[PDB]
Amino acid sequence: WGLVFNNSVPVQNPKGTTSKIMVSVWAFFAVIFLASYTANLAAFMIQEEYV
Amino acid sequence: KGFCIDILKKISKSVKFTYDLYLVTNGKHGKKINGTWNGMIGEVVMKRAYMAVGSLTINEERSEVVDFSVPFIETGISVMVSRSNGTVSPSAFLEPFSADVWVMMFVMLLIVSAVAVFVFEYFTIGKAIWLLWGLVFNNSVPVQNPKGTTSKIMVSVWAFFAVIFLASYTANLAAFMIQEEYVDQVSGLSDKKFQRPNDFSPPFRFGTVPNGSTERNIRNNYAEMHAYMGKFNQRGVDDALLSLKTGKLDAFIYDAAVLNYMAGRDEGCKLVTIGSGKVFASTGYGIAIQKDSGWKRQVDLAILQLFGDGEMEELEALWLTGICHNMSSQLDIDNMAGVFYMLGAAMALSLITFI
Amino acid sequence: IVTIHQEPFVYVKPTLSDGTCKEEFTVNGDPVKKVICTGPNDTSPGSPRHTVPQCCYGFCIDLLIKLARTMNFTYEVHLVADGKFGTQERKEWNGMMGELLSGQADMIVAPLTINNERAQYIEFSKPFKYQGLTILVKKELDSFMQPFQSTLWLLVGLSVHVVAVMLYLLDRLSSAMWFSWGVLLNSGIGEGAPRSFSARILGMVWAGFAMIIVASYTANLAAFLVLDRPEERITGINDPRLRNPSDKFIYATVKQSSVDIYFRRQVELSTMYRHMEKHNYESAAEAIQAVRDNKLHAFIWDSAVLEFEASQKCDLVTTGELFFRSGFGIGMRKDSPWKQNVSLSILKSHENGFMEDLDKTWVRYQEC
Amino acid sequence: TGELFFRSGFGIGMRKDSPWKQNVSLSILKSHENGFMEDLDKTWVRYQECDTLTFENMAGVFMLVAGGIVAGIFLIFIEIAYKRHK
Amino acid sequence: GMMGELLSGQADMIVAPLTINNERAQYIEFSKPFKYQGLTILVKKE
Amino acid sequence: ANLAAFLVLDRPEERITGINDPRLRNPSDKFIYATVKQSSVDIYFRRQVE
Ligand SMILES: CN[C@]1(c2ccccc2Cl)CCCCC1=O
Ligand SMILES: *[C@@H]1O[C@H](CO)[C@@H](O)[C@H](O)[C@H]1NC(C)=O
Ligand SMILES: *[C@@H]1O[C@H](CO)[C@@H](O)[C@H](O)[C@H]1NC(C)=O
């Protein structure tokens with residue numbers, strides 16, 4: 001959950017260079033999802049439905 | 001029937017006379033073929049028809065043989081090429097707005113790094129700079145240079161300010177991305193590319209249609225342009241528009257009114273005109289009259305009276321108003337080439353500094 | 001009473017073998033059973049058909065029941081095989097207007113537009129539902145990477161690989177690539193840059209690239225999302241495509257209706273009708289079915305039912321200015337003594353909001 | 001803003017039944033033929049031409065952090081004094 | 001006004017920026033136009 | 001998102017849609033007309049009763 005949101009104090013649970021691929025791809029997916037959510041919110045903020 | 005038919009009907013209503021419209025026997029418009037004109041000009045100089053109505057562009061050669069009338073619609077020479085799809089300018093790395101904001105952020109980073117170094121003293125400068133960069137760009141977690149907690153307030157508030165600045169930058173970029181200027185690679189006949197396509201780029205065609213006043217004007221103005229366009233002599237109007245839509249024809253250099261009408265039709269969404277009001281050889285479609293009996297004054301006065309009233313404006317709105325006139329955002333590699341250029345320049349600067 | 005088979009106002013439903021069918025209950029409850037109507041089996045599809053009694057409730061049945069209760073008169077609802085509304089002969093009237101002229105029905109309680117000729121021949125009293133004419137057109141979600149494409153993805157991958165390998169080429173290893181991959185998208189590693197001679201400068205340079213690229217991606221996808229398709233393709237009669245007929249576009253309207261009278265009223269609109277007089281349809285249901293399959297570009301001059309059809313279909317959009325402002329009325333014979341009574345009854349019903357209640361209970365039920 | 005409801009062309013008015021009307025008409029047509037009027041317009045209008053983030057959204061945070069730096073250093077000094085006197 | 005300068009006799013040409021209407025063409029001819037423009041309304045920017 | 005929405009709030013400049021604008025066509029106390037005196041504008045306005 002640390003990589004999905006604003007960075008916090010991390011834990012060095014992985015031990016080795018062969019386990020960083022999973023956390024790296026998870027972080028990439030999380031940041032892509034966060035960027036998409038922010039862009040969707042920005043697009044919806046200018047909607048004319050609100051009255 | 002048509003716009004000219006409506007104009008003739010209005011003239012007949014204003015001035016009572018008898019008319020008998022006759023289709024053109026040979027040719028389409030005037031052309032000095034071995035000293036003999038053809039089309040409407042050839043008919044009017046032969047006393048077959050005293051009045052000529054149609055797409056007769058007013059020029060010195062035409063006015064020399066047959067007198068003209070007051071124009072009612074402004075036309076000229078225009079270019080309508082839209083095959084190329086140009087995205088926004090690559091200003092993502094450095095947009096025109098907030099030009100000094102980057103320098104202000106840099107000097108603020110330097111100031112806060114100096115303050116952190118000073119309070120730590122009471123490799124430190126490099127550590128403070130790295131911490132500031134990590135807090136600003138949020139690319140990676142920076143190493144906490146300070147050891148105490150009292151000084152952490154300054155770094156926390158600076159990181160919050162950097163986050164706010166980054167959010168403002170993202171919002172400004174999003175606001176700028178919605179612009180639909182669509183600056184195409186079009187400059188007009190004054191550009192050297194259109195004047196000499198062979199010298200500039202062999203994959204280019206003028207596409208000027210011969211047998212017309214515009215073709216004669218282009219040939220008189222520039223012989224090289226006429227020679228280049230002679231290899232791409234299109235036939236008709238609908239065929240040329242279809243060729244341009246399919247991409248076979250590079251551009252259309254016909255009349256401004258015809259180009260505007262074509263762009264305003266169904267097959268004009270991807271074939272818009274130049275978009276500039278000023279056009280080359282700004283003239284009109286004046287009625288050609290021999291003026292032997294002095295009847296040009298009456299028709300000129302009638303045209304002026306019609307133009308003074310709102311009938312001409314509403315008629316033009318009904319007829320000379322196309323569709324899909326003037327965000328259609330598109331993505332291109334040239335749009336994102338700016339960040340690549342900035343990265344390359346930064347890498348070159350870093351390599352120079354290291355060496 | 002002569003009624004037209006307009007589905008939004010008069011639905012068509014054949015009766016069972018018992019001579020009557022029970023209407024399904026609504027949310028409010030206590031449904032009103034429609035009276036027996038001797039309508040054509042298939043509205044005479046080019047061949048004669050038996051006048052089998054059918055149940056037709058629709059929308060006008062409640063209005064007719066209210067009028068009958070107020071005036072205390074018996075009624076006999078029946079349809080017409082021709083199905084025409086009414087127009088000039090070819091010196092008489094055809095369809096519902098022809099039936100009224102022939103004396104078959106002394107009154108007509110059905111959705112019918114009013115024009116100059118119809119108002120001259122018969123009186124519509126006061127309209128109950130106002131509707132301005134409008135056009136309907138059959139209306140005709142991004143990539144996972146937005147501005148970047150396959151070529152752009154390959155280019156950015158090559159660039160990031162090149163900078164990653166150059167990092168450890170200038171530093172000197174294998175850990176540099178892992179560090180770059182970790183710091184490309186948030187995350188982070190405990191090693192960091194060496195910051196000996198020029199590593200700090202390279203790290204600072206390669207720290208804002210990710211923010212810039214994600215901001216550009218978000219901006220591009222937001223711009224793509226706000227690229228809404230144009231709905232108002234035709235701005236009523238003011239649109240040049242509508243004003244000037246074209247071979248590609250097809251204009252469809254209900255035949256033998258007030259549309260022909262309205263078009264013939266204006267001389268300047270003659271080219272709008274004469275050039276497009278062979279594309280008319282005798283029934284609105286056939287035109288709706290044809291336009292459902294995108295065979296017809298657009299439909300006009302049936303707004304009071306076109307809006308309901310668009311709401312039910314949820315696919316066809318409705319645009320265009322309300323150039324022709326009028327309302328549906330109830331028709332009576334010439335010098336009919338009941339005209340004043342029905343006018344007073346309909347005005348009283350409209351005053352208390354009964355028409356609004358019926359609208360909100362039937363038309364507003366299907367919202368899409 | 002607004003559409004052009006009167007497309008009027010500035011003309012060269014002369015005396016009634018002037019014998020120089022043909023010459024001036026030919027000259028004004030030749031002016032459009034070679035683009036002299038277009039050249040003059042491009043020389044004049046283009047030369048006399050002219051045209052969101054600023055310090056309002058940028059200098060505010062800098063001023064706030066500059067003001068808060070004094071409070072932070074004062075708090076640090078107070079904490080140091082308290083620790084020394086503890 | 002200015003139109004009287006081309007009829008009283010103090011001048012022979014009226015060469016200046018002047019819109020063409022249906023009244024000035026009654027007796028004196030303006031030949032052909034050299035610059036087309038459309039009448040537009042201008043307001044202060046917000 | 002709210003900052004982006006605020007930044008794309010362009011100032012409305014097309015207050016008057018030409019001579020066809022009902023606000024400008026209909027005279028009002030707040031609105032004040034202006035034109036060049038003794039010019040073609042007066043002739044054009046007085047040419048038609050509209
Ligand atoms: C992670 N960084 C971003 C971010 C996303 C969401 C919230 C805050 C931030 Cl800061 C990524 C999306 C573009 C803007 C940006 O800086
Ligand atoms: C113009 O048309 C005439 C006949 O209409 C034809 O003989 C002549 O070759 C044409 N000229 C060009 C340049 O196409
Ligand atoms: C650019 O425009 C052309 C024609 O206007 C079109 O064929 C092409 O798909 C467009 N490209 C993009 C990326 O929108």
# chains A, B, ... in the order shown; residues from 1 in each chain; ligands from 1
call {"tool": "closest_atom_pairs", "arguments": {"of": "chain D", "to": "chain F", "cutoff": "8 Å", "atoms": "only C-alpha atoms", "output": "JSON lines"}}
result
{"residue": "D:1", "atom": "CA", "partner": "F:14", "partner_atom": "CA", "distance": 5.6}
{"residue": "D:2", "atom": "CA", "partner": "F:18", "partner_atom": "CA", "distance": 3.7}
{"residue": "D:3", "atom": "CA", "partner": "F:18", "partner_atom": "CA", "distance": 5.1}
{"residue": "D:4", "atom": "CA", "partner": "F:18", "partner_atom": "CA", "distance": 7.2}
{"residue": "D:5", "atom": "CA", "partner": "F:19", "partner_atom": "CA", "distance": 6.9}
call {"tool": "interface_residues", "arguments": {"of": "chain C", "to": "chain B", "cutoff": "8 Å", "atoms": "only C-alpha atoms", "output": "number ranges by chain"}}
result
C: 147-148, 152, 183-189, 195, 197-198, 200-202, 204-205, 207-212, 215-216, 218-220, 222-224, 227, 238-241, 243
call {"tool": "interface_residues", "arguments": {"of": "chain F", "to": "chain A", "cutoff": "12 Å", "atoms": "only C-alpha atoms", "output": "list in words"}}
result
residues 1, 2, 3, 4, 5, 6, 7, 8, 9 and 10 of chain F
call {"tool": "write_last_selection", "arguments": {"atoms": "C-alpha atoms", "output": "PDB file, in the first residue's frame"}}
result
ATOM      1  CA  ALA F   1      -9.188  18.024 -10.117  1.00  0.00           C
ATOM      2  CA  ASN F   2     -10.803  21.179  -8.723  1.00  0.00           C
ATOM      3  CA  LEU F   3      -7.723  23.253  -9.573  1.00  0.00           C
ATOM      4  CA  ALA F   4      -7.760  21.901 -13.133  1.00  0.00           C
ATOM      5  CA  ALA F   5     -11.474  22.702 -13.418  1.00  0.00           C
ATOM      6  CA  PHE F   6     -10.844  26.238 -12.148  1.00  0.00           C
ATOM      7  CA  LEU F   7      -7.956  26.794 -14.574  1.00  0.00           C
ATOM      8  CA  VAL F   8     -10.029  25.795 -17.630  1.00  0.00           C
ATOM      9  CA  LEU F   9     -12.690  28.363 -16.683  1.00  0.00           C
ATOM     10  CA  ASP F  10     -12.136  30.650 -19.653  1.00  0.00           C
TER      11      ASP F  10
END
call {"tool": "select_by_dssp", "arguments": {"residues": "chain A", "states": "alpha helix (DSSP H)", "output": "CSV table (one decimal) with N, CA and C atoms, in the first residue's frame"}}
result
chain,number,residue,atom,x,y,z
A,20,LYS,N,12.3,-8.1,-6.6
A,20,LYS,CA,11.9,-6.7,-6.8
A,20,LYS,C,11.1,-6.5,-8.0
A,21,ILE,N,11.0,-7.5,-8.9
A,21,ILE,CA,10.2,-7.4,-10.1
A,21,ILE,C,8.7,-7.3,-9.8
A,22,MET,N,8.2,-8.1,-8.8
A,22,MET,CA,6.8,-8.1,-8.5
A,22,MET,C,6.4,-6.8,-7.8
A,23,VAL,N,7.2,-6.3,-6.9
A,23,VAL,CA,6.9,-5.0,-6.2
A,23,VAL,C,7.0,-3.9,-7.2
A,24,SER,N,8.0,-3.9,-8.1
A,24,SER,CA,8.1,-2.9,-9.1
A,24,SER,C,6.9,-2.8,-10.1
A,25,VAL,N,6.5,-3.9,-10.6
A,25,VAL,CA,5.3,-3.9,-11.5
A,25,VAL,C,4.0,-3.6,-10.7
A,26,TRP,N,3.9,-4.0,-9.4
A,26,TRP,CA,2.8,-3.6,-8.6
A,26,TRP,C,2.8,-2.0,-8.4
A,27,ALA,N,3.9,-1.5,-8.2
A,27,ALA,CA,4.0,0.0,-8.0
A,27,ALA,C,3.7,0.7,-9.3
A,28,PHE,N,4.1,0.2,-10.4
A,28,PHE,CA,3.8,0.8,-11.7
A,28,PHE,C,2.3,0.7,-12.0
A,29,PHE,N,1.7,-0.4,-11.7
A,29,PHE,CA,0.2,-0.5,-11.9
A,29,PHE,C,-0.5,0.4,-11.0
A,30,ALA,N,0.0,0.5,-9.7
A,30,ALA,CA,-0.7,1.4,-8.8
A,30,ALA,C,-0.6,2.9,-9.2
A,31,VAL,N,0.6,3.3,-9.6
A,31,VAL,CA,0.7,4.7,-10.0
A,31,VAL,C,0.0,5.0,-11.3
A,32,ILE,N,-0.1,4.0,-12.2
A,32,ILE,CA,-0.9,4.2,-13.4
A,32,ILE,C,-2.4,4.3,-13.1
A,33,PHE,N,-2.9,3.5,-12.2
A,33,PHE,CA,-4.3,3.6,-11.7
A,33,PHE,C,-4.5,4.9,-11.0
A,34,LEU,N,-3.6,5.4,-10.2
A,34,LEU,CA,-3.8,6.7,-9.5
A,34,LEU,C,-3.8,7.8,-10.5
A,35,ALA,N,-2.9,7.8,-11.5
A,35,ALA,CA,-3.0,8.8,-12.5
A,35,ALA,C,-4.3,8.8,-13.3
A,36,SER,N,-4.7,7.6,-13.7
A,36,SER,CA,-6.0,7.5,-14.4
A,36,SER,C,-7.2,8.0,-13.6
A,37,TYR,N,-7.2,7.7,-12.3
A,37,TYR,CA,-8.2,8.2,-11.4
A,37,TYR,C,-8.2,9.7,-11.3
A,38,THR,N,-7.0,10.3,-11.1
A,38,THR,CA,-6.9,11.7,-11.0
A,38,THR,C,-7.4,12.4,-12.3
A,39,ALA,N,-7.0,11.8,-13.5
A,39,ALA,CA,-7.4,12.4,-14.8
A,39,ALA,C,-8.9,12.3,-14.9
A,40,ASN,N,-9.5,11.2,-14.5
A,40,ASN,CA,-11.0,11.0,-14.6
A,40,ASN,C,-11.7,12.0,-13.7
A,41,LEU,N,-11.2,12.2,-12.5
A,41,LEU,CA,-11.7,13.2,-11.6
A,41,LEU,C,-11.7,14.6,-12.2
A,42,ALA,N,-10.5,14.9,-12.8
A,42,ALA,CA,-10.4,16.2,-13.4
A,42,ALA,C,-11.4,16.4,-14.6
A,43,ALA,N,-11.5,15.3,-15.4
A,43,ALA,CA,-12.5,15.4,-16.5
A,43,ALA,C,-13.9,15.5,-16.0
A,44,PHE,N,-14.3,14.8,-14.9
A,44,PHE,CA,-15.6,14.9,-14.4
A,44,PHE,C,-15.9,16.2,-13.6
A,45,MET,N,-14.9,16.9,-13.1
A,45,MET,CA,-15.0,18.1,-12.4
A,45,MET,C,-15.7,19.2,-13.3
call {"tool": "atom_distance", "arguments": {"atom1": "CA of residue 120 in chain C", "atom2": "CA of residue 301 in chain C"}}
result
21.0 Å
call {"tool": "atom_distance", "arguments": {"atom1": "CA of residue 351 in chain C", "atom2": "CA of residue 60 in chain C"}}
result
17.6 Å
call {"tool": "residues_near_ligand", "arguments": {"ligand": "ligand 2", "cutoff": "9 Å", "atoms": "only C-alpha atoms and all ligand atoms", "output": "PDB file with N, CA, C and O atoms, in the first residue's frame"}}
result
ATOM      1  N   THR B  25     -21.776  27.343 -74.244  1.00  0.00           N
ATOM      2  CA  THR B  25     -21.656  26.402 -75.353  1.00  0.00           C
ATOM      3  C   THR B  25     -20.311  25.683 -75.332  1.00  0.00           C
ATOM      4  O   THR B  25     -20.259  24.449 -75.369  1.00  0.00           O
ATOM      5  N   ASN B  26     -19.216  26.436 -75.275  1.00  0.00           N
ATOM      6  CA  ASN B  26     -17.875  25.871 -75.290  1.00  0.00           C
ATOM      7  C   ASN B  26     -17.069  26.425 -74.126  1.00  0.00           C
ATOM      8  O   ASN B  26     -17.146  27.619 -73.817  1.00  0.00           O
ATOM      9  N   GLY B  27     -16.297  25.554 -73.484  1.00  0.00           N
ATOM     10  CA  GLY B  27     -15.468  25.957 -72.370  1.00  0.00           C
ATOM     11  C   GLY B  27     -16.260  26.140 -71.088  1.00  0.00           C
ATOM     12  O   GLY B  27     -17.449  25.822 -70.990  1.00  0.00           O
ATOM     13  N   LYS B  28     -15.568  26.669 -70.084  1.00  0.00           N
ATOM     14  CA  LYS B  28     -16.160  26.940 -68.780  1.00  0.00           C
ATOM     15  C   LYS B  28     -16.094  28.405 -68.385  1.00  0.00           C
ATOM     16  O   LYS B  28     -17.072  28.939 -67.854  1.00  0.00           O
ATOM     17  N   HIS B  29     -14.968  29.071 -68.628  1.00  0.00           N
ATOM     18  CA  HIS B  29     -14.805  30.482 -68.302  1.00  0.00           C
ATOM     19  C   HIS B  29     -13.985  31.133 -69.411  1.00  0.00           C
ATOM     20  O   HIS B  29     -13.738  30.535 -70.462  1.00  0.00           O
ATOM     21  N   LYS B  31     -10.802  32.585 -71.449  1.00  0.00           N
ATOM     22  CA  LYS B  31      -9.430  32.148 -71.678  1.00  0.00           C
ATOM     23  C   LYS B  31      -8.955  32.716 -73.006  1.00  0.00           C
ATOM     24  O   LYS B  31      -9.643  32.574 -74.022  1.00  0.00           O
ATOM     25  N   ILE B  33      -7.362  32.208 -75.871  1.00  0.00           N
ATOM     26  CA  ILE B  33      -6.904  31.123 -76.730  1.00  0.00           C
ATOM     27  C   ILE B  33      -6.636  31.722 -78.106  1.00  0.00           C
ATOM     28  O   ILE B  33      -7.566  31.969 -78.881  1.00  0.00           O
ATOM     29  N   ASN B  38     -13.323  32.528 -74.820  1.00  0.00           N
ATOM     30  CA  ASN B  38     -14.297  31.448 -74.828  1.00  0.00           C
ATOM     31  C   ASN B  38     -15.137  31.535 -73.559  1.00  0.00           C
ATOM     32  O   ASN B  38     -14.901  32.378 -72.689  1.00  0.00           O
ATOM     33  N   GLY B  39     -16.125  30.646 -73.455  1.00  0.00           N
ATOM     34  CA  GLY B  39     -16.991  30.645 -72.293  1.00  0.00           C
ATOM     35  C   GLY B  39     -17.866  31.888 -72.230  1.00  0.00           C
ATOM     36  O   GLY B  39     -18.317  32.422 -73.248  1.00  0.00           O
ATOM     37  N   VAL B 209      -6.289  23.938 -61.135  1.00  0.00           N
ATOM     38  CA  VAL B 209      -7.153  23.526 -62.239  1.00  0.00           C
ATOM     39  C   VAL B 209      -7.021  24.524 -63.384  1.00  0.00           C
ATOM     40  O   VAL B 209      -7.243  25.727 -63.187  1.00  0.00           O
ATOM     41  N   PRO B 210      -6.664  24.076 -64.590  1.00  0.00           N
ATOM     42  CA  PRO B 210      -6.565  25.005 -65.723  1.00  0.00           C
ATOM     43  C   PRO B 210      -7.929  25.424 -66.250  1.00  0.00           C
ATOM     44  O   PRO B 210      -8.960  25.056 -65.678  1.00  0.00           O
ATOM     45  N   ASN B 211      -7.938  26.194 -67.339  1.00  0.00           N
ATOM     46  CA  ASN B 211      -9.165  26.698 -67.957  1.00  0.00           C
ATOM     47  C   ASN B 211      -9.991  27.507 -66.955  1.00  0.00           C
ATOM     48  O   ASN B 211     -11.131  27.174 -66.627  1.00  0.00           O
ATOM     49  N   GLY B 212      -9.387  28.588 -66.472  1.00  0.00           N
ATOM     50  CA  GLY B 212     -10.062  29.457 -65.525  1.00  0.00           C
ATOM     51  C   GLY B 212      -9.267  30.725 -65.309  1.00  0.00           C
ATOM     52  O   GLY B 212      -8.097  30.827 -65.689  1.00  0.00           O
ATOM     53  N   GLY B 230       1.059  22.351 -64.114  1.00  0.00           N
ATOM     54  CA  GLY B 230       0.648  21.716 -65.355  1.00  0.00           C
ATOM     55  C   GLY B 230       0.720  20.204 -65.329  1.00  0.00           C
ATOM     56  O   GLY B 230       0.020  19.546 -66.105  1.00  0.00           O
ATOM     57  N   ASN B 233      -2.918  18.824 -63.543  1.00  0.00           N
ATOM     58  CA  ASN B 233      -4.100  19.548 -64.006  1.00  0.00           C
ATOM     59  C   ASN B 233      -5.341  18.714 -63.717  1.00  0.00           C
ATOM     60  O   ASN B 233      -5.670  17.785 -64.458  1.00  0.00           O
ATOM     61  N   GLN B 234      -6.035  19.044 -62.632  1.00  0.00           N
ATOM     62  CA  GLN B 234      -7.249  18.330 -62.272  1.00  0.00           C
ATOM     63  C   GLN B 234      -8.400  18.725 -63.196  1.00  0.00           C
ATOM     64  O   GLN B 234      -8.379  19.771 -63.851  1.00  0.00           O
ATOM     65  N   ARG B 235      -9.415  17.866 -63.240  1.00  0.00           N
ATOM     66  CA  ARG B 235     -10.589  18.072 -64.077  1.00  0.00           C
ATOM     67  C   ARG B 235     -11.819  18.209 -63.193  1.00  0.00           C
ATOM     68  O   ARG B 235     -12.037  17.392 -62.292  1.00  0.00           O
TER      69      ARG B 235
END
call {"tool": "interface_residues", "arguments": {"of": "chain E", "to": "chain F", "cutoff": "8 Å", "atoms": "only C-alpha atoms", "output": "count of residues only"}}
result
9
call {"tool": "atom_distance", "arguments": {"atom1": "CA of residue 37 in chain C", "atom2": "CA of residue 313 in chain C"}}
result
27.0 Å
call {"tool": "decode", "arguments": {"residues": "range 190-203 of chain B", "atoms": "N, CA, C and O atoms", "output": "PDB file, in the first residue's frame"}}
result
ATOM      1  N   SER B 190       2.814  32.533 -50.867  1.00  0.00           N
ATOM      2  CA  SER B 190       4.061  33.250 -50.625  1.00  0.00           C
ATOM      3  C   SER B 190       5.188  32.323 -50.185  1.00  0.00           C
ATOM      4  O   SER B 190       6.359  32.692 -50.309  1.00  0.00           O
ATOM      5  N   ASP B 191       4.862  31.139 -49.674  1.00  0.00           N
ATOM      6  CA  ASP B 191       5.888  30.197 -49.249  1.00  0.00           C
ATOM      7  C   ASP B 191       6.648  29.661 -50.456  1.00  0.00           C
ATOM      8  O   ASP B 191       6.079  29.463 -51.532  1.00  0.00           O
ATOM      9  N   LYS B 192       7.950  29.431 -50.269  1.00  0.00           N
ATOM     10  CA  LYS B 192       8.773  28.910 -51.355  1.00  0.00           C
ATOM     11  C   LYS B 192       8.392  27.480 -51.718  1.00  0.00           C
ATOM     12  O   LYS B 192       8.609  27.055 -52.859  1.00  0.00           O
ATOM     13  N   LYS B 193       7.837  26.725 -50.766  1.00  0.00           N
ATOM     14  CA  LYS B 193       7.449  25.346 -51.047  1.00  0.00           C
ATOM     15  C   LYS B 193       6.352  25.282 -52.103  1.00  0.00           C
ATOM     16  O   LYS B 193       6.401  24.443 -53.010  1.00  0.00           O
ATOM     17  N   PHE B 194       5.353  26.161 -52.004  1.00  0.00           N
ATOM     18  CA  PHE B 194       4.277  26.165 -52.989  1.00  0.00           C
ATOM     19  C   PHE B 194       4.744  26.743 -54.320  1.00  0.00           C
ATOM     20  O   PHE B 194       4.339  26.266 -55.387  1.00  0.00           O
ATOM     21  N   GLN B 195       5.592  27.774 -54.278  1.00  0.00           N
ATOM     22  CA  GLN B 195       6.061  28.398 -55.511  1.00  0.00           C
ATOM     23  C   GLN B 195       6.938  27.450 -56.319  1.00  0.00           C
ATOM     24  O   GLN B 195       6.799  27.360 -57.545  1.00  0.00           O
ATOM     25  N   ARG B 196       7.846  26.736 -55.656  1.00  0.00           N
ATOM     26  CA  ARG B 196       8.770  25.811 -56.310  1.00  0.00           C
ATOM     27  C   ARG B 196       8.725  24.475 -55.580  1.00  0.00           C
ATOM     28  O   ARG B 196       9.610  24.166 -54.770  1.00  0.00           O
ATOM     29  N   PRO B 197       7.696  23.663 -55.832  1.00  0.00           N
ATOM     30  CA  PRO B 197       7.621  22.352 -55.164  1.00  0.00           C
ATOM     31  C   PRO B 197       8.789  21.438 -55.486  1.00  0.00           C
ATOM     32  O   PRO B 197       9.217  20.669 -54.616  1.00  0.00           O
ATOM     33  N   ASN B 198       9.319  21.496 -56.711  1.00  0.00           N
ATOM     34  CA  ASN B 198      10.424  20.617 -57.081  1.00  0.00           C
ATOM     35  C   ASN B 198      11.666  20.900 -56.247  1.00  0.00           C
ATOM     36  O   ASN B 198      12.350  19.971 -55.801  1.00  0.00           O
ATOM     37  N   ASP B 199      11.976  22.180 -56.025  1.00  0.00           N
ATOM     38  CA  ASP B 199      13.160  22.528 -55.247  1.00  0.00           C
ATOM     39  C   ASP B 199      12.976  22.195 -53.771  1.00  0.00           C
ATOM     40  O   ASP B 199      13.926  21.769 -53.103  1.00  0.00           O
ATOM     41  N   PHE B 200      11.765  22.381 -53.244  1.00  0.00           N
ATOM     42  CA  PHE B 200      11.531  22.169 -51.819  1.00  0.00           C
ATOM     43  C   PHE B 200      11.328  20.692 -51.498  1.00  0.00           C
ATOM     44  O   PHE B 200      12.103  20.098 -50.739  1.00  0.00           O
ATOM     45  N   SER B 201      10.291  20.081 -52.067  1.00  0.00           N
ATOM     46  CA  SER B 201       9.982  18.687 -51.783  1.00  0.00           C
ATOM     47  C   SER B 201       9.283  18.045 -52.975  1.00  0.00           C
ATOM     48  O   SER B 201       8.166  18.445 -53.330  1.00  0.00           O
ATOM     49  N   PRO B 202       9.906  17.060 -53.618  1.00  0.00           N
ATOM     50  CA  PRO B 202       9.282  16.400 -54.777  1.00  0.00           C
ATOM     51  C   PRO B 202       7.919  15.810 -54.447  1.00  0.00           C
ATOM     52  O   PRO B 202       7.012  15.863 -55.292  1.00  0.00           O
ATOM     53  N   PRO B 203       7.706  15.231 -53.236  1.00  0.00           N
ATOM     54  CA  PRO B 203       6.337  14.820 -52.888  1.00  0.00           C
ATOM     55  C   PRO B 203       5.425  16.005 -52.604  1.00  0.00           C
ATOM     56  O   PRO B 203       5.018  16.223 -51.459  1.00  0.00           O
TER      57      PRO B 203
END
